[PDB]
Amino acid sequence: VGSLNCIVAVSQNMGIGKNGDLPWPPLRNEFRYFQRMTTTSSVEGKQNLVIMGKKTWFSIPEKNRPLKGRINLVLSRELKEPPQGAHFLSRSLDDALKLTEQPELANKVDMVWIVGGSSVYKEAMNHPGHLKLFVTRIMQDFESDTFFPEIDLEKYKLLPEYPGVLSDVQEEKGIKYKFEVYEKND
Ligand SMILES: NC(=O)c1ccc[n+]([C@@H]2O[C@H](COP(=O)([O-])OP(=O)(O)OC[C@H]3O[C@@H](n4cnc5c(N)ncnc54)[C@H](OP(=O)(O)O)[C@@H]3O)[C@@H](O)[C@H]2O)c1
Ligand SMILES: Nc1nc(=O)c2nc(CNc3ccc(C(=O)N[C@@H](CCC(=O)O)C(=O)O)cc3)cnc2[nH]1
């Protein structure tokens, strides 16, 4: 019933990861933005669901797992059970989305947030339906081994403004960045 959204922070060269962590040092307010967007439900009494691949799960500091105030679902074709601390395990994105509509989660979940990595971002971005991409543009090149798939800029349109999102250039640790929101309607 809820909205479907991706969220990512990406360097100019399209990098999202390096050696199992982010390519840039911790940007505390950028992380707080990730937290606010993924945690804030549009319905009282419901939580959002975060969907992530297995490497993304383990890249989150253990102290912060599961991500508090959100239902945490990990994608894996190999695991028999969710990793310790995770709430659910699914074998595919479509299986995960189906789970959200079944009775165990139907009255519990509002928004769905896809939080990486590359494969699930690519599949989500091309999935039919209304979809928004919350993209933080890190305005430097960073050496990376994991990349965000190219956004089709005819398919997706940049919203000029977005409620609850700062428009001005931000800067932490000498790294400038800006928050963007893209949308497709089907
Ligand atoms: N900058 C950012 O916004 C951001 C966001 C997310 C991640 N990251 C970074 O990106 C890296 C992790 O991402 P990644 O792309 O390497 O890995 P990932 O997608 O998180 O994990 C890959 C593994 O997840 C499982 N998987 C992925 N998609 C699946 C699907 N659709 N269905 C079933 N299983 C699926 C597979 O595990 P099995 O072999 O067990 O099946 C696969 O080997 C880290 O460096 C992390 O720090 C950055
Ligand atoms: N905008 C954006 N920035 C990111 O850094 C980001 N990272 C990932 C995957 N990596 C991670 C790594 C750590 C945490 C994390 O520890 N978050 C906690 C603490 C946030 C904080 O301290 O401010 C959380 O409660 O969300 C989340 C995602 C996916 N989407 C992103 N999206």
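The residues of chain A that appear here are 2-187 by Swiss-Prot count, in order.
The way this entry was determined, per its header, is X-ray crystallography, 1.4 Å.
Heads up, the Cβ atoms here are built off N, Cα and C, so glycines get one too.
Listed in Swiss-Prot for this protein:
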type: BINDING; residues: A10, 16-22, 55-57, 77-79, 117-124; note: NADP(+) binding site
type: BINDING; residues: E31, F32, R33, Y34, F35, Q36, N65, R71; note: substrate binding site
type: DOMAIN; residues: 4-185; note: domain 'DHFR'
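In this chain, none of the residues that are 6 or more apart from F32 (substrate binding site) has a CB less than 8 Å from its CB. Checking the binding-site residues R33, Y34, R71, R78 against ligand 1, the ones with a C-beta less than 6 Å from an atom of that molecule are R78. Across the fold, the C-alpha of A10 (NADP(+) binding site) and the C-alpha of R33 (substrate binding site) stand 12 Å from each other. Selection of the binding-site residues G18, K56, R78, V121 by a Cβ distance under 6 Å from ligand 2 yields an empty set. Considering only the residues assigned to substrate binding, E31, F32, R33, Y34, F35, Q36, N65, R71, the longest pairwise Cα distance works out to 18 Å. For the pair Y34 (substrate binding site) and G21 (NADP(+) binding site), the Cα-Cα distance reads 21 Å.
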